[PDB]
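In: next input, structure requested:
(2 chains)
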Amino acid sequence: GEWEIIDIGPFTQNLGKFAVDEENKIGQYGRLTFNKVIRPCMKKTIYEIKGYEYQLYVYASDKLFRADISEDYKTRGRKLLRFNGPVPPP
Amino acid sequence: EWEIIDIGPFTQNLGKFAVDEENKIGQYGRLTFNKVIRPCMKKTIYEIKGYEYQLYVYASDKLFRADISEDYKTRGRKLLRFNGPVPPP
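Out: Residues are numbered from 1 along each chain as shown, chains lettered A, B, ... in the order given. The relevant structure is shown in the block below.
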């Protein structure tokens, strides 16, 4: 799915040390001394839209072509991937 | 993952862009755009942005709940929340 349970090895423990260190920067508690991270540890893989791809039946010089275009999400920057033809009508 | 969109002005505008970019390379002589017809397909491309972690961490022998965000591209980490003390899982 999008959520995953990971193990409590060095990488996970190091996350724990990071939490405590950043918490001491704020100070909502007393200076904290890192002990250990215990199970369970949850990992959420965050997905984001990069861009889009379009498939298009397009007439040019009275010839049927199949054109594909990629568009970026943030910038709407467009690019032509492929342009083949003539091809048969749907 | 695949989606059908109508052949309205926006779609036609994609057609105008495809022909124009083809003229720049030129693998089909000078072409003149006419129109785009059905069906038009749209595939939405997703990419990993980062990660969020839920931790049970002992600090000064108290059990806290910590949430940390980690970015995919930059490896940048941030502490989102830090509550406690909390009961053992």
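In: contacts and neighbour counts: CA atoms only from here.
Out: Will do.
In: the most far-flung residue of chain A relative to its centre - nearest residue in space that isn't next to it in sequence?
Out: Most distant from the centre of chain A: residue A:62, at 40.7 Å, with distances by Cα atoms, centre = their mean. In space, and not counting its chain neighbours, residue A:62 is closest to residue B:34: 7.3 Å by Cα to Cα, 6 or more residues apart in numbering or on different chains.
In: would you mark the buried spots in the longest strand along chain A?
Out: Criterion DSSP state E: the longest strand present in chain A is strand A:34-60. Residues A:34-38, A:41-46, A:51-60 are the ones in strand A:34-60 that count as buried (16 or more other Cα atoms under 10 Å in any protein chain shown).
In: likewise stretch A:4-24?
Out: A:8, A:12, A:13, A:15, A:16, A:17, A:18, A:19, A:20, A:21, A:23.
In: among the residues you listed, which lie within strands?
Out: Among those, DSSP E puts none in strands.
In: widest-spaced pair of these?
Out: Spanning the widest gap among the buried residues of stretch A:4-24 are A:8 and A:23, at 20.3 Å by Cα to Cα.
In: hmm, residue A:43 is touching residue B:54, no?
Out: Yes. Between residue A:43 and residue B:54 there is a contact under Cα atoms under 8 Å: 6.6 Å.
In: show me the contacts for residue A:34.
Out: By Cα atoms under 8 Å, 6 or more residues apart in numbering or on different chains, the contact list for residue A:34 reads A:16, A:17, A:20, B:57, B:58, B:59, B:60.
In: in the sheet, who's paired with the fourth one?
Out: Per DSSP bridges, the residues bridged to residue B:57 are residue A:37, residue B:64.
In: show residues contacting stretch A:2-10.
Out: Residues outside stretch A:2-10 that contact it (Cα under 8 Å, 6+ apart) are A:12, A:37, A:38, A:39, A:40, A:41, A:42, A:43, A:44, A:45, A:46.
In: can you get me the start-to-end distance on it?
Out: 23 Å (Cα to Cα, to the nearest Å).
In: and stretch A:72-88, by the same measure?
Out: 29 Å.
In: what's that stretch in contact with?
Out: A:49-52, A:63-71, B:18, B:21-22.
In: now the two most distant members of the residues you listed.
Out: A:49 and A:63 (33.7 Å).
In: contacting residues for residue A:46?
Out: Contacts of residue A:46 (Cα under 8 Å, 6+ apart): A:2, B:48, B:49, B:50, B:51, B:52.
In: try 7 Å this time
Out: B:48, B:49, B:50, B:51 (Cα atoms under 7 Å, 6 or more residues apart in numbering or on different chains).
In: before we move on, what about residue A:55?
Out: Per Cα under 7 Å, 6+ apart, neighbours of residue A:55: A:67, A:68, A:69, B:40, B:41, B:42.
In: would you indicate which residues of stretch A:75-90 are buried?
Out: A:78, A:80, A:83.
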